[PDB]
Amino acid sequence: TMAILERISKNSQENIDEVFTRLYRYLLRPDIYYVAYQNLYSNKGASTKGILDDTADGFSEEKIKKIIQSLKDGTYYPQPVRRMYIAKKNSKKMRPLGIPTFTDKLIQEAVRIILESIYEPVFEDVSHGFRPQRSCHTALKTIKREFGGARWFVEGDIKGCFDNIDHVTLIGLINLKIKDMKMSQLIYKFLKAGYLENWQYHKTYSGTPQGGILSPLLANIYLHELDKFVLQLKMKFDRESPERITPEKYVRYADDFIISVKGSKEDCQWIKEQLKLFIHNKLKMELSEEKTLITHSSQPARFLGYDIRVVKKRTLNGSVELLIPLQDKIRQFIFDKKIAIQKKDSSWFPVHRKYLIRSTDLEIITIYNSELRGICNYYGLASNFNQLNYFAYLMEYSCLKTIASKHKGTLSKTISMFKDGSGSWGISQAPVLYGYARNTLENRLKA
RNA sequence: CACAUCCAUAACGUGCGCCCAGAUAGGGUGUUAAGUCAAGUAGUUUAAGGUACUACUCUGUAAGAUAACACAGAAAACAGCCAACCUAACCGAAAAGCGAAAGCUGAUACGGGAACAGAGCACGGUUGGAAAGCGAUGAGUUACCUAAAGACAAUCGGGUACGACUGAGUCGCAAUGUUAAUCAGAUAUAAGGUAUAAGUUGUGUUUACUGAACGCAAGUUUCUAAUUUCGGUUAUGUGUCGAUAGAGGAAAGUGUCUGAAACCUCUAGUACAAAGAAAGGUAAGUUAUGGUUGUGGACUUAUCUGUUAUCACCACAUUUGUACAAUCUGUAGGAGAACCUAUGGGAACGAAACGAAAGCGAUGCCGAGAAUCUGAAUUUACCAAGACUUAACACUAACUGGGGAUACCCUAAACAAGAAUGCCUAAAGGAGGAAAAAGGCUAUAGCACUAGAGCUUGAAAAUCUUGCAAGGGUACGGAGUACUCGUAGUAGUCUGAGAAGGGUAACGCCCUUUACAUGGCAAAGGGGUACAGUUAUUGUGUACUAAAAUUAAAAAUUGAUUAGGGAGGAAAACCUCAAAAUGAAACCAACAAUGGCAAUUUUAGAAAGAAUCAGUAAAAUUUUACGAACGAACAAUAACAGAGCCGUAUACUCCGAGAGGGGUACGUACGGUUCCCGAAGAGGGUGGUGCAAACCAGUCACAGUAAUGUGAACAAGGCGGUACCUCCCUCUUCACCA
């Protein structure tokens, strides 16, 4: 019943110099206090924002251990942190994750608590972004197309997020408030103890099984720290950058970061040089390739998918700058899709996926229609719907082709094509097709 | 500058598939010698050919029509194709009799049947002249907007593949090829197919491995790749601003309106030349995934007497080069969204795909048409299958004969073997004297063990347990080294081989010669025969010491760095005060710079050290060393599912001038290789899981003389069943293979 670090943060020595938020909060505390105390946690096994879509298995506020916490029953648990991560099929961001145990199954909400602590008159932007998003995909909807100050857009390179870390200034700078300088010593017990397990003995970095689903939480935290001084540069920053070109938005990805107004080049020098000034001075991972020598013109580039623009293509450009679904993505995409030969002669095709005893075309309908949606669905704003369409064309022929292939007939492609499918009205119907293709293209996508 | 829009069709995964001899059971393969066959008219040469002509006939010669000549052809058959058709092929249900039904008997009448391939053994036979597919409605049954925006006009105003969807008439391919006819030689080692497996990744471009049985050999299909408003909508339409002329000037440039510096109308989208623009056909090559090799329609190649003719002049289209349009014209760069340089619009800039990569060479083959040159022939000169018959020869299977061990499953098996009366009238005598059977007579009621049946009977029974040779089928896709079983035979002069030397391949295999007796053969399948191998399993270490850098560091230390520990409601507190309700006091964690065990680095002694002795000679089987592993690996337990490839052939086919490819189970035999190894059902015997029916006064009290019978007591005295879980369980799909 750790209803106490609540105190250890809230009370926290308000006479002898303590908690950073001595400037925003003395009364925003008790609300979130009771939230943790009883609301998000009255019963960790049940009252949680946890793993069984709300919690772990039913534990009487952890019927065994977090019955109590103070005595260090789960004292400094390391949960030996094996290197392990998850990459998602778009909008480049691997996932900081590791083996969550009943302990971690609630450390999740624990650090979520400390998050809301660092949140209420503290935070900005739940996970990556500056305009608080709820998924990369939502971030992928929202954060992009809002500003065109002055030209010559930017890129961003280095990782420093699963490979290079401090983890010690990390836990300290934040410990200066609840881990009070005096009379509060039950704080960092796992903030530290995300103890990585690859014969190496750092912690809380290697997609920590100590806190697994919250490894992103701490990662986001340290990234927020990066931006805590992206601040000072944004102060120094758009002073003349909205002047060098103007006569007629610092990015927080979870992997890449560019800025607001641009337009000159010596400024780009300033950019990368200050980058270097703190890239090690803060992260200890440093600029690669001088991150971009910020680009004068625009270019067909990559930035989590909706390319920065300051026969699988078409001219779409203007005074206002615009996303681009970068074919680049689509290349690997269709590749791993493993359905279109790249060239019998500069030529794309259907091929099922070397799957000979395939499972049932019904669940294949599911597989496709799903991926169809998700792909197109999360594929919100992007210029050139065109190649999206030509994709969809191929993608579709793929679907029913795979289908017929599942049945070993006499070249049954057109048979299926003009027999089933939404066109010939395949319930077994596949209305998640061209119809649904531009249904999505319009719904929640133009929106 | 757009929304809708995109070729079909066989083989690979079934039967019979083991072998030992066939050799017309069907047959087939090919080989030869004998007969026929039929060739627009006739004759010719004299075969009775031929096609060779003589003259004459017919067809056609679109090379965008038109007459004539001059050019090429003209049977007959065989093969074959689609339709439809005994339905005997050949199968099912009834069917049939048959262990006594395990099953076996199905053309029995019915149904299907060119069986999904039987080619490696056919449903036949039959007719006729035809079956998808693909193009274009052959007619129409829905929409669709009617040109100047829509207003009512359907102004049929005009749009039928106008559109949703039924009728294709037509084609063409399907509905085709076979045929013997001057004789050579040279430009073939000609220009070109061509050497040469295999699998197992490394797949990173690496030129690796089994054994690679050829080397050398890495960059790589391409666009990056129409710039004369082809600038802004993909690969068709599909709207537009810009370029120019606004046109009419909507009352549509059709009657009902606003059109205006205009909706809306075409547009106002190089310079020429050149050609053909020719439709079709004839022949070649390109064509959407389970891949490879095929099969059709569509995509490019060439292709189609000349003349006398009448032609009867075609555009457009494109080709090349000129324009400059290039968004630049990227590439790479410097540099206000538009700028600037060698590009050159292909120069890496990429992209992509890849393995002894490609590509190249290498020396083993084929290498038509005989392309042509030149010889020669040249009685119209020549003339011998094209088929189909006969006669004979030789090979012959997946067909015939001869087969046949390894257990299996189940039934009788009268086989056996085992399963034999419950108490009385109460010695004497009888329950079959009354008892009540039991076992048993028809779902067998009683969800369960004596059919509710009367009871018989009172071993019989009919019960279990076993065997079940019987029977039948299970097993013949081969199936590491290993012997045994079944046979040393009928396979046997004649081929894994006689004996061998040679070549002999990666590799056995076949050449020189040797017995007639297994001589060499060497029988089949299926079983048993150890370690490969195999996954699992632990046991034991992943040393057994000691040495080989520390990650080691857990630690002690210390850098004792590192400061600090005050109910939990608490918002400068309220904490509840107490040395001190702040020394953190001396407990908590901070990396440990030294130790730091270890993961281990490797040496390792390996060899009577652990993890084997085989310990022999011999002590008597010990045995130092030495051969000997042994954590410096041994043991336990199940299984080994053909996927190929190279070489000799029943035969095959198809694709081919042939090579050489495709397959025909890794193809059938003998080698030699590499790689066999699950799911999903599933269907068996298991246990447990649970429950409940009881034959069995096993319990009720007992009628009792007991028994037989009395529903609790099935309170599971018990098979069982009973549903879940448990596992070798193919009985079907998994790639037979990008």
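Because the Cβ atoms are built from the backbone with ideal geometry, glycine has one as well, and the counts that use them run over all protein chains shown. The numbers here are math on the coordinates, done by the rules we state, and not lab data.
A few comments on the model shown:
- Summing Cβ point charges (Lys, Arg +1; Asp, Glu -1) relative to the Cα centre of the range A:117-225 gives a dipole of roughly 200 debye.
- Environment charge of A:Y26, counting only residues whose C-beta is closer than 10 Å and scoring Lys/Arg +1, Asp/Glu -1: +3
- Across the range A:316-323, computed HN-Hα scalar couplings (Karplus, 6.51 cos²θ - 1.76 cosθ + 1.60, θ = phi - 60°) run 8, 7, x, 5, 8, 8, 8, 4 Hz from first to last residue, x flagging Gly and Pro.
- Cβ-based net charge around A:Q133, under 14 Å, with every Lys or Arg adding one and every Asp or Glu removing one: +3
- The range A:364-428: equivalent-ellipsoid semi-axes (sqrt of 5 x gyration tensor eigenvalues, Cα, Å): 24, 13, 10
- For the set A:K89/A:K401; A:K89/A:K354; A:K179/A:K234, the pairs lying more than 29 angstrom apart at their alpha carbons are A:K179/A:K234.
- Residue order, fewest to most surrounding Cβ atoms within 10 angstrom, among A:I8, A:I330: A:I330, A:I8
- The Cα-based radius of gyration and maximum Cα-Cα distance (Dmax) for the range A:327-442 are 13.9, 41 Å.
- Förster radius 35 Å - calculated FRET efficiency between A:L186 and A:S288 (Cβ-Cβ, nearest 0.05): 0.30
- Ranking of A:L223, A:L27 by count of other Cβ atoms within 10 Å, fewest first: A:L27, A:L223
- Volume in Å³ per residue [convex hull over Cα atoms, computed for the range A:141-230]: 146
- For chain A, the dipole from Cβ point charges (+1 on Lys and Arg, -1 on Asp and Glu) about the Cα centre works out to 1320 debye, to the nearest 20.
- The share of alpha-carbon pairs in the range A:122-272 lying farther apart than 21 Å comes to 55%.
- Ranking of A:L411, A:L388, A:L186, A:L400 by neighbouring Cβ atoms within 10 Å, starting from the fewest: A:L411, A:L186, A:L388, A:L400.
- With helices as the sole contributors, chain A gives -10000 deg cm²/dmol at 222 nm; each DSSP H run of n ≥ 4 counts as -39500 (n - 2.57), and the sum is divided by every residue.
- For chain A, the spread of Cα positions along each principal axis, largest first, Å: 80, 61, 43
- Cross-link table A:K144/A:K272; A:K10/A:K236; A:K88/A:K338, entries beyond 25 Å C-alpha to C-alpha: A:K10/A:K236
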